[PDB]
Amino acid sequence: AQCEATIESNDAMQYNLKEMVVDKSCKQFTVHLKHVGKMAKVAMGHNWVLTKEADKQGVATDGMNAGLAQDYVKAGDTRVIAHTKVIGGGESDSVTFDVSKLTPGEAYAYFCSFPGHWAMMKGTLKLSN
């Protein structure tokens, strides 16, 4: 139907969705990230970052060096298709991006770039089929 999806993140360092599908009828798509835990962002902040599967480790490594104030994502990172800000417990953030940045058939990776979270908080995104 909709060109929107909600994904939850918690205090156990997990996302509640392992895969996300963007419908081909969509021109744009919005991701609503919710932090349903009760930990503060300095200890367990979460974001949602979308890249091609192969840019994962690099984006993460460099986001890590950008710091909390930069949402742990290097500014102007060309590898990042879209990202939310870092949020803490009881908060939410939304990000909308152009579906045309995506390529039918390709698997993209989405993950949390907060220090050390990428290993556990990761999933796959792609176009409908």
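From 1 onward, residues are counted along the sequence shown.
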Report summary line: Of 87-95 and 62-70, the stretch with the higher mean C-alpha B-factor in the deposited entry is 62-70
Report task. Could you check which stretch, 52-60 or 23-31, carries the larger mean CA temperature factor in the entry? Result -> 52-60
**Report entry** Record-listed C-alpha B factor of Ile7: chain third
**Finding:** lowest
Query raised in the report: In terms of the chain's CA B-factor thirds, is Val80 lowest, middle or highest?
Result: middle
Report task. Compare the C-alpha B factor of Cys112 with those of the other modelled residues in its chain, then answer lowest, middle or highest third. Result -> lowest
Report summary line: For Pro104, the third of its chain by CA B-factor is the highest
Report summary line: Sorting the chain's modelled residues by C-alpha B-factor and splitting them into thirds places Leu17 in the middle
